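Given as structure tokens, the chain that follows is alone and in the form deposited in one PDB entry.
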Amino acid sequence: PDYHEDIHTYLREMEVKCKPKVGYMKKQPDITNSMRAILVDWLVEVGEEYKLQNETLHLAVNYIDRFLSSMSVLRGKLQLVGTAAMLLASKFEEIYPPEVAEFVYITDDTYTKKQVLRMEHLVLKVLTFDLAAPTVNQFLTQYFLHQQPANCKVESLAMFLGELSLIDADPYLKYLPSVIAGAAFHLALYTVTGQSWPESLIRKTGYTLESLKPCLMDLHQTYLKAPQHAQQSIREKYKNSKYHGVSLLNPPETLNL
């Protein structure tokens, strides 16, 4: 269709403007990567509970990392930042966002409605209302259009892998959404069918397989280590029949790169 190339070009611009500061965690005095991991895993569950789009999750993670790029947050307020970000993402992305009352209830009354509504206003202030961010998801949906024929296991697996990268800020904050999406597509394609990053996508993205290697090295490791990981919600989510049970598939032992 008529706009696919323009939109890609423009999402490629925006991802660079929308990226968080890569080492912001080192300058956070209370919160850690493990804490951010526990929070993102929690939001996976919240999204499963409220039947939210994968996109809504991806957006929320973007808003959280950008918020924490410029704002020092104590551990006891991290979940408040996450909850207001989930709320904003939902209002942005969902046909039916959950109400503030349900957001308050899934935190088990850790925070008040007021506190959620006041964090919402802070997050919008800090993000200067710039909520429409490219995500690994958005790149992945476009890349799917280059698989012949459409393979639903490859699609579920690439998403599963794209979602795994959200949990771990070291190393994945280093990588743009379009890169993680390419690495995820390739890895999924390779695991399911033995195929590789297609020539049509090398042309569209300008990313050679080689250029994807650093992120693919990482993501292969994350895949291999996935059942051993302390955060397990994405793997649970991806056992269900709607995702063809792809988290139960065996990762490939080597990539040949």
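Residue positions are given as counts along the sequence shown, with the first one as 1.
Keep in mind that the form deposited with a partner chain bound is missing from the display, and what follows is about it.
Colleague: Using a 4.5 Å heavy atom cut-off, are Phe160, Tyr190 and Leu216 all in contact with the partner chain in the deposited complex?
Modeller: So, no: the whole triplet misses the partner chain.
Colleague: Of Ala226, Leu209, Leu201, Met35, which one comes within 4.5 Å of the partner chain in the deposited complex, counting heavy atoms only?
Modeller: Spelling it out, the residue with a heavy atom inside the cut-off is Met35.
Colleague: Can you tell me if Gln147 lies within 4.5 angstroms of the partner chain in the deposited complex, counting non-hydrogen atoms only?
Modeller: No.
Colleague: Quick one: is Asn151 in contact with the partner chain in the deposited complex, heavy atoms, 4.5 Å cut-off?
Modeller: Residue-level check for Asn151: no, no contact with the partner chain.
Colleague: Does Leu80 reach the partner chain in the deposited complex if we count a contact as any heavy atom within 4.5 Å?
Modeller: So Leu80 counts as contacting the partner chain.
Colleague: Contact with the partner chain in the deposited complex for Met119, defined as at least one heavy atom pair within 4.5 Å: yes or no?
Modeller: Yes, contact at 4.5 Å.
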